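In what follows, a structure is listed as C-alpha cells, so that the remarks can point back to it.
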Amino acid sequence: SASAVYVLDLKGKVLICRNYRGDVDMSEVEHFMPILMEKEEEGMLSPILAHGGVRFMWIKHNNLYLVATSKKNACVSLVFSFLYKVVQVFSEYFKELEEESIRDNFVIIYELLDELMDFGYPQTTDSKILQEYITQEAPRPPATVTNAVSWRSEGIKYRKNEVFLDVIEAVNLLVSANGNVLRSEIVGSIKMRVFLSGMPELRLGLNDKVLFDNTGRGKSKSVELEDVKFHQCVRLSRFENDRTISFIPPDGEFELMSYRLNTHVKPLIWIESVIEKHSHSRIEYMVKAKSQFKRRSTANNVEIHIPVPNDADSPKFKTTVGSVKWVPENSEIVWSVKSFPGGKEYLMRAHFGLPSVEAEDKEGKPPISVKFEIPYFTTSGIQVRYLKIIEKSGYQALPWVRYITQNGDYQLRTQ
Amino acid sequence: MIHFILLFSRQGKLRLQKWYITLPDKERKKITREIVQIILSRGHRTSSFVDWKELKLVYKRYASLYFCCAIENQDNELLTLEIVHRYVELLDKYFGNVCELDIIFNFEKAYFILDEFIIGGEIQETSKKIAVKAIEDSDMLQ
Amino acid sequence: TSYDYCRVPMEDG
Amino acid sequence: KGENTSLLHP
Amino acid sequence: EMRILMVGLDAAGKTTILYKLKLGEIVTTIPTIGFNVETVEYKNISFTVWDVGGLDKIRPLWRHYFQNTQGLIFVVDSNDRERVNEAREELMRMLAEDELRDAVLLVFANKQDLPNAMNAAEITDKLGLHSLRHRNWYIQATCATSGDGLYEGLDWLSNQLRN
Amino acid sequence: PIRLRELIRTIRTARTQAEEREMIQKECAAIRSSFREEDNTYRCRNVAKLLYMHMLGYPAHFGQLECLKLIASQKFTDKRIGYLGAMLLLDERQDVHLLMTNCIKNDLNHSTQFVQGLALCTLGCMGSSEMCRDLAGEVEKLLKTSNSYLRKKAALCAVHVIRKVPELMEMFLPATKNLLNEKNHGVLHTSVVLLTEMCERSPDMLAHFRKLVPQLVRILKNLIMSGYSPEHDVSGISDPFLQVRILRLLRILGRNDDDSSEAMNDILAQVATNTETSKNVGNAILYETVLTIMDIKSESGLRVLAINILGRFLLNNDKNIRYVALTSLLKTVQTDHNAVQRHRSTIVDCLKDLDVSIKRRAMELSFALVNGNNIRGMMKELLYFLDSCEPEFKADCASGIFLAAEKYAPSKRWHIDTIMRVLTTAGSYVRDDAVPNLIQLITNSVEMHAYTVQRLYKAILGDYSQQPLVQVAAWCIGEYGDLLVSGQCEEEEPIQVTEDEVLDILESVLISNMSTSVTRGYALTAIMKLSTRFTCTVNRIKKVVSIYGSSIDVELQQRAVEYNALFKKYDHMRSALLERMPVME
Amino acid sequence: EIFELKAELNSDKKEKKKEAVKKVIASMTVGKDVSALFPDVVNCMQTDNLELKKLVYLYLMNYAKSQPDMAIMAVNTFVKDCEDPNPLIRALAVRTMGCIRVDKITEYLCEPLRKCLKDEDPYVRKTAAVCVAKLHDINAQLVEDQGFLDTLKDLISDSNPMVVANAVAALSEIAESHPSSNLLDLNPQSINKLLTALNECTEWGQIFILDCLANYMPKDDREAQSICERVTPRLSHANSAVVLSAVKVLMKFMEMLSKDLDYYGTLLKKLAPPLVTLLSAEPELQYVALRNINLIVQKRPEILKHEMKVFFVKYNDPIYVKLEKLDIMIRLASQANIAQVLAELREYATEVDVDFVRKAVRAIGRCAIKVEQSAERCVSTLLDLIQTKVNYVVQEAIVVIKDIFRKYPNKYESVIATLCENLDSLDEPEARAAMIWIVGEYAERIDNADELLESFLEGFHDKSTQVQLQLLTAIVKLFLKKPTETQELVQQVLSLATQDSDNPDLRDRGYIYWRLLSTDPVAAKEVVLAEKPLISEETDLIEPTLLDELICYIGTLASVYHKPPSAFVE
Ligand SMILES: Nc1nc2c(ncn2[C@@H]2O[C@H](COP(=O)(O)OP(=O)(O)OP(=O)(O)O)[C@@H](O)[C@H]2O)c(=O)[nH]1
Ligand SMILES: [Mg+2]
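Residue numbers (the deposited numbering), protein chains in the order written: chain M, 2 to 138, 146 to 423; chain S, 1 to 142; chain T, 4 to 16; chain L, 158 to 167; chain H, 17 to 179; chain G, 4 to 588; chain B, 14 to 583.
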C-alpha cells in the first residue's frame, strides 16, 4: 500500500513524483534527504525512515532513490517488490536508468506511474505486455491484461521456432580464514530466451530428485533442489502434485526458475593466501590458486580480487600465468587469468611498500573474491532432459540449452 | 585571536581551512561539518554571529562562497568581519576580479595570501598594499 | 553470448 | 552556475 | 645515487662529518634537533646523506627514515665509554628491523683526540659487530675535525654500492 | 605527474562521493609511487596535490615526511609548498614534527627575507610546546632587528611562543623595550599584540608596561588626527585594526589604576564623540571604545556618554549592532549596574526577535540583570519565555531560572513555586545536574515541606516520563513522607493521600520503561525510607523489595538485596539508620 | 512566459495546445507553482487525442486540492468520457475520478461509477473496483448510501480473476476502515472460489487474495488442511512478496492444525526452505525477511533450528542487514552450534563498523546467557578480544564480562587475574562501572584490589553517577571482606561520599553504609555481603498476547518495528 511513488536523485530534488492517495503531502519528500543524511551519519540506517507518522520506504538505484511514502500499516514486502518492479519496467523501456532518462521521458513516465499502480495497489507490471498500449512512439488494452494468461499476447508469429535456455549456476562460497568452508551453496537460475509462435504449453523436465524418487530411479545422478522459486508462468499446483514444470512462456528474456541447493563437495577455485605484513615496511602475497574442478573444462577469465592495504605503494608482481593489474580505486590487486584449466595451480607473489608513518584509522579486512566463469560445466549436476512443446497449431520447435557456472559472492575471508 | 577560518561554498563543500589551534583530525572533521551545518541552516537577517561553544563564531557570506571565523570571547567582533573583508580585498587585488573558481584552483596561493595576512591567529599587516606587494615580490622571486 | 548451445530432445514421454 | 560571479564587485 | 643515514648518539660529531664531507670546514654547529641533508658527490656517486640528530626525543623518529635506505653510518663516539652500552643497545634495537634490512653499515670511530678514545678493535668488541647476521658491517676510524679517514670510509662504501 | 589544476578539474567532474573517492585514490596511489622513487623534480606538485586531497577530507598521513623533505630544500617553490604542507599536515601531536625544528632554525638565518617570512609564519601558525624552547632564542634575535618585514612576524611569533610556553615571556621583556616608535604600522600593530599578550598573562609586567601609556596615547591621537592616508584607510576611517588593538591594550591596562585612568581619559573622550559611525568600521571602533570605558576606573562623564552610545546601538535595525549592544551590556552588568536596567523593555523585546544569537544574548543579559527588586515581575516574562522557546533554548533558560532564583529570591515559598513550575513545564530539557542543587535547596528549606511534598505528589501523579521531576519527587517522598500522610496508621476518612497510591506510584515508577535507572535507585531508596517514615502499611513494600532482588540492573540488584537483608534479619535495626540526612551549603 | 503559454493554450491548432500542455506538465515536473493556470488547461481537455488526455488528467489530479472551487469544471467531462467505446479511456476516466479529492465533486461521480462497476470489458471493472475504495476514502457514508458494497462483493462472484483480485484488495481496504459493523467475510465456499482464483490471477493479485485470508480463521482440522494444501504451493514463487504473504497465512492457519497428525511436520518441512531462500533476494527485501524471521522464530522455533549457516553475514551486506543477522544468530544458538557462532562472532569483532562491533560483542553476551554449556568458551573469546587492546572492543567486552559474572558466579575466579592487569585508563562510564563491580564482588582472588581502587579515588567528585556509586559499594564490600588493609580506605571514601558529595543517592548510600559500619560491622556480612538470589534474565521473547496478533501482520510495518499496528500510525 504505497501512498506516493517518488523518484529522487542523489541530492534530494524530485525528478518525478506521482501520488496515488493524497494521504501523504507532496512536500514530505523534502524531509527525506535530511533524515537519510541524519540516519546515515549515526549508523542507524534502514530502508524504512520515519518523519513523524509518514514512513519512507525507499530503494537506491544508480542515481535514483525511488522513495515511496506511506502512512498506514503499509505492506512493506508489497512496496519493495513494487519498487524493484518499477526499476525493472524502467530498465526495460530505458536501457539505462539515470537522471538523463527521467527528465527526457516525462511524456511516458507519468503514463507508466498512472498505469502500474492505482491507489497503492500494483496491477499491471509485465513490461512485454505493457509495451503494447504505453509506448514512447493509444489502442484498446490487450486481452492479455484481462485474461488469466497475463504475460503473453496471443498471435505472436515467428518464422523459426527457437527456445533458448541458460542453466546458469552461481557458486556461493565463504571460506573462513582458518581454512574451512562455511557456506558453500549454489544458486542456479534457468534463464530462458523464448521465441515461439502462438500460445504454447511447455513442460520442462529436470533431473529433480523428488521426480526421480517418485518414479523409482533413486540411484542415478539426481540434483537435490532444496528450494525452487519459479516464475509466475509456471503453474505451481501441478508442480506441487507430482513435480511437473508446465508453463506458458512469455516472449523474450526472463528467469524461469531460481533454484538453490547446498553442496558439501570441495570449492571449485581455492585461494591459499598468506600475508607477510611487516609493520611500517612492506607486505607480500604468496597466493596460489588451485583449480579443483575437472581437467576438461576451462575457467574463462577468472579475476582473483585480493585486498591490499589502502595506502600501499610501488608494487612488484611475480606471477606464473596471467596479468596482474593493481587497482587502487578499490584497493585490491585484480589478478586476472584468461584461460585457467582445471587441475592446474598458478602461483602469484605481490610485493608492496608501506608508508613508514602509520595510518590514522583502522581499515578492516575485505575478502578475496574471485570472478570465475566456467562454461559447459554445471557444478550441482542438473541436466535438462526435455522440453515438450505443445501447441494447438502443431509444429516442430527447436529447443536449446547451454550451461554456465559463475560466481555468486565467491568470497574467501583473509588473514 | 582567530581560532580558525573556513571558506566553504553554498552546497556545503569546504574550499579552505586554516586551524590556528591544534585539535585532532577527528575533531576537525566533526567541528567543520557541524559548523557548515549550522551556518548553512541559518537565515539571512540573523546578525552574522553564532555563540558556538565559547567561540563567537562569525560568518559573512560574499557569493556562493561563505566565510567563517571563531574569535575568542574577549576581543572585538565587528573587526573580525572586517578582517574577512580585508582578506577578500587581498584575494581580489592579487587575482583581479576574484571568483569562486580562482579560490578553487589557486588555493595554494590562497593560503599564501592568508599567510601574508593572518599568522598565528592575529593580523600582521593592517595595510592592504604592503601585503600584496610582499606576496607579489615573493612570487616575483619565483 | 559468445558460447554455443546444445539441442535437447522434444518428447521423452 | 553561481560561481563565476565575482565577490565584492570593484 | 645512494641514500645514506647517519644515526647515532648525541655529541657524536655527525653534523661535523656531514659538513666536512660536503663543504669541507668545521662549521660551528648547534645540537641539531631535526635533520640535515647534503648531497655529497664523492667517488662519482651522489651520497644523499640524511644526517639525523640523536637526542633522546628524536631516537623514536628514526623509523621514518629507514625506508629505501641503501646504507647506514652509525657514528659512535670514541670518548664515551659510558654510552657505548646504549650505543650497542641502539645498534641492536635498530638493525633487527624489516625495513632497512639490505642496508650496509659503516661504523665511524669518530673523535680520535685522546688516550681516553679507543681504536677500532675495542669499539668493535664492545658494540659486538661480530654478532651481526646478513651484514656488510665495516668499522672505519674517522677524524671529523681533520677529515682523516672519512673519504676512505666513503671509498669503501662506494665499493659496496654495486654488486 | 599531472598538475594541480588538472587534479582539481578532475575532482570537479566527479559526481558521487563514492566515485570522487575512486578519483582521489587513482591519483593518490600515483603520488605514493612518486614518493618511493625519491623524486626531487615533481615533488612540489605531488605535495600540492596531496594537500588538496587532505583538504577534501582524505587520508594524507603518509605525505608528511615528503613535506619535511621539501622544507630542507634549496629552491623557493619547494620550500614554499613545504611550509604550507607543514602548516596543514602537522600539528602539536602528529609526533613526526619534531623534525621541523632544525629545518626552521636553519631557515630563520637564511639570507632571503621571504624565506624567513615562511619560517616565522610556520612557527607561528603551528609551533608546539617543545619547538618553542629550542626556537625562542632565535625568534627574539629576529625581534631585535631593523627589517620591518621581520619585526612584525617576530612579534607575532613571540606571541605564539609566549602563549604555548608561558614561563618564557621574561626573555622578551628586554626585547620590546622602546619599540613603540616605529614609522611602520604593521610593526606597531604586532608590537601592540605582543604587549597585549605580555599584559594579559602576568601582572609582573604591568607596572613596567603602564609607563608607556602616554606614548601610545599620543600614537592613537596621531592616528585619529591624521584623518586620511592611502593605505590603512577603510571606508574613510583611518587604520581600524590598530585603533582597536590600542584601545584593547588600554582596556587591559589601568583597570585597577587611577593615574593611567586619568591619562587615557582624553583620547577616549575624543573617540567617543569624533568618530564616523556610518559604516561597520566606526561601530567596531566605538564598540571597543565602550568596552574600554566600562572596565577602567574612568571619568564619571565618560560612562554617561558610553551608556548613550549603547542606547544608540540598541535601537538599530542592523542586527550586527544589536548583537554588539547586547554583548556590551552583558559585559558591564555589575559595573555601572543601575544604568543598564533602564533598557529593560528593549532587552525583553529582543526575546521576541527572530534570531538565535539575539534571543540567546537577551536571555543571558536578562539572567544577569535580575537583582533583588525586579525578581517578582521579570520571572513571569521568563516563565512565559520558557514556554515559548525553541527546543534548544528551553535547557539554558531552565538552568538560568534555577541559577537566578538561588541568588535573589524574595521568599522561600515563591522560590519552590517557580522551581516546581519549571520542573513541571520544562521536563525533558532541564539538565540532570540540576537535581542535586534542587534537593540541596529544598533540604536547606527547614520550614515549608508539606507545601513541597503535596505539590510534588500532585505533580507526579500526572506524569512520570520527565526524569528530573521524579528524581526530585522520589527523594522528597523518601525524606519527608511523615508530612504527606499524617496520622493514618489505619484507615480514616478519605483524604487526598491514602498511603497505598503513594506506594503504588513508586511501584509504577520502578516498572515503567521510561526511567534512566537512577530514578529507580531514588525510588528504591525512597521505598526503604518508607519503612521508618510510614508506620501505616509496612511489610507490603517488603514484597516489592524482595521481588526486585533479582532484577538485571547491577546497582539495583545490589540495592534491593542489601535492603532485603535488613527487612528479613534486623527488623529493629532498620529504623536505627534512617535518620534524616544532614544539611550543607 | 505563462501568458504566452495561455495564448498558445487558447489556440485553434492542435500542435500548439499539445506542446502547451506538455510544457505545463514539464513545469510541474521541475517543481513550479503552475497552479494559477488551472482553468485554462481544462479548456484543452476534451480532445480526440488520448496521449494528451493522460497529461490533462494528471494536471487535474495534482491541482484540485489547491483549486477546489475551480475543479467543478471537469465533472461533465468525466461523465462524458465514461461512455466512450474505447475501454482504455473509460478506465482512465475512472481512475482519474477517484483521485480528485474535492468534496464538491464525489457526490456527482457515483453515477458513472455505478455505470462502470457493471460495465463489460474487464479492464474498466478492475479499475472501478479500486475506485470504489478511492471513493470510500474521501466520503464514507456516501458509498453505502449509494450502496456499492453489494456491487463490490458481487465482483468476487465473477470470473476473470484480476477483477476478483482488485475487488478483494479494495474490499479489504474498505473493511479495514469500518468499525467492523457488517463484517465482510464469507463462507468457506467463497474461500474455495478465491483459492481457485488464486492460481490464475497475476503475481500481484496473489498478494491481495492472500491478505484476505489473513482475516479468516477456520473452525476445523480438515478445513484448515484443505486451505493450507492450496496456499502451500505459493511457497515456490519468485516474487518475494507472494512468498512472505503465504508464510503469513500459513503461520496464521497453523494455530488450528493438529500436532498429532502428519501435516504439522510436513508443513514445517515445507516452510523452512522458502524462509531461507528469501535471503537470496535483494538487500532491501532481506530487511523485511529478517524481521519476519525474527518474528517467526519467536513463535515456531521448530522450523529454523537446523539453519545457522545462512544467517552468517557477508562483508558486503549493508549495515541494516548485518545488524539483524546477528539477532537471528542469537535466536538460533543452542548446544549444537556454539562453536560456529563463537568462531563467527570472533571474526566480526575485527571490523571497523563500530555499531556492528558493539553489536557482535553484545551478541557474544546474549549467546553466553542463552547456553550454559559454552560460557567458558565465551569468556575465553572475550578475553582473547580484550588482549588485542582496541578501546571500544574492550569497553564493550568488560560490560559483557560483568553480565556473565552476575549470571554464572561460580567458577570464574581464574579469569579476573587476567582482568586485574588491564591498564585502567579505560574511559567510558558504562565500562568503569563494570570494572569496579568485578573488582568489588570478587575481592578475594584479586589480592591487590586495595591498591588499584586508589587510582579510581583521585577524581571521585566528578566522574558520573554510576562510577561513584559502584565505588561506594565495592570499597565497602572490600572492607567488609578484609578489614585489615582497607581500614582507612573505607573512611576516606565515606568522607569523600558524605561530606563533599552533593549527589543525593550517593549521600543516602553513604550514610546507610556509615551507620551500618559504625552500628554493627559484624552484622554487615549478613547485610551487604549476602548470597544474592538468582537473576531473572531479561526475556526478550515478545509477549504472546502481542505475538499472536503480530503473526497476522507479517510483511507489514507492524512486524518490521515489532510493535502493534496502533502504537505507530497516526
Ligand atoms: N676533538 C674533536 N671533537 C669533535 C669532533 N667532532 C665533533 N666534535 C665535538 O663534538 C661536539 C658535537 O658535534 P656536532 O656535530 O656539532 O653536534 P652533533 O654531534 O651532531 O650532535 P647531534 O647533532 O645532536 O647529533 C662539537 O661541539 C665538537 O666540538 C672531532 O672529530 N674531534
Ligand atoms: Mg648535529
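By construction, the Cβ of each residue, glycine as well, lies at the ideal position given by its N, Cα and C atoms.
CB contact below 8 angstroms: residue i versus chain M
{"i": "residue 180/H", "result": "Residue 180/H lies beyond the range of chain H shown here (17 to 179); nothing can be said about it."}
{"i": "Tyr277/B", "result": "no"}
Backbone CA spacing between residue i and residue j [nearest angstrom]
{"i": "residue 140/M", "j": "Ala151/M", "result": "Structure remark: chain M lacks residues between 138 and 146, so residue 140/M is without coordinates."}
{"i": "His113/G", "j": "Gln119/G", "result": "6 angstroms"}
{"i": "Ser514/B", "j": "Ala437/G", "result": "14 angstroms"}
{"i": "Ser194/B", "j": "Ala188/B", "result": "9 angstroms"}
{"i": "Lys78/B", "j": "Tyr122/M", "result": "22 angstroms"}
{"i": "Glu280/M", "j": "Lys296/M", "result": "5 angstroms"}
{"i": "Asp26/H", "j": "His150/H", "result": "27 angstroms"}
8 angstroms Cβ cutoff, residue i in contact with chain B
{"i": "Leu190/M", "result": "yes"}
{"i": "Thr535/G", "result": "no"}
Per DSSP, cross-strand counterpart(s) of residue i
{"i": "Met321/B", "result": "Paired residues: none, contrary to the question."}
{"i": "residue 144/M", "result": "For residue 144/M, nothing is modelled; it lies in the interval where chain M passes from 138 to 146 with no residues in between."}
{"i": "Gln156/H", "result": "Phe124/H"}
{"i": "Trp408/M", "result": "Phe172/M"}
{"i": "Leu507/B", "result": "Bridge partners of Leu507/B: none, in fact."}
Neighbour-count burial assignment, residue i, 16 or more Cβ in a 10 Å radius
{"i": "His474/B", "result": "exposed"}
{"i": "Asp116/B", "result": "exposed"}
{"i": "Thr148/G", "result": "exposed"}
{"i": "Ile110/M", "result": "buried"}
{"i": "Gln240/M", "result": "buried"}
{"i": "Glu28/B", "result": "exposed"}
8 angstroms Cβ cutoff, residue i in contact with chain G
{"i": "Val53/H", "result": "yes"}
Any non-hydrogen atom of ligand 3 closer than 7 angstroms to residue i Cβ
{"i": "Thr31/H", "result": "In the structure shown, ligand 3 is absent; the only ligands present are ligand 1 and ligand 2."}
Residue-chain proximity (residue i, chain S), Cβ-Cβ < 8 angstroms
{"i": "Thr193/G", "result": "yes"}
### Query
Which runs of the alpha helix (DSSP H), 4 residues or longer, sit entirely within the region 32-90 of chain M?
The region 32-90 of chain M contains these whole alpha helix (DSSP H) runs: 33-41.
### Query
Quick one: complete alpha helix (DSSP H) runs, 4+ long, within the region 396-475 of chain B?
Entirely contained in the region 396-475 of chain B, the alpha helix (DSSP H) runs reaching 4 residues are, in chain order, 404-418, 429-432, 442-454 and 462-465.
### Task
At 3 residues or longer, and completely inside the region 79-107 of chain H: list those beta strand (DSSP E) runs for me, N to C.
With a minimum length of 3 residues, the unbroken runs of beta strand (DSSP E) contained wholly in the region 79-107 of chain H fall at 91-93.
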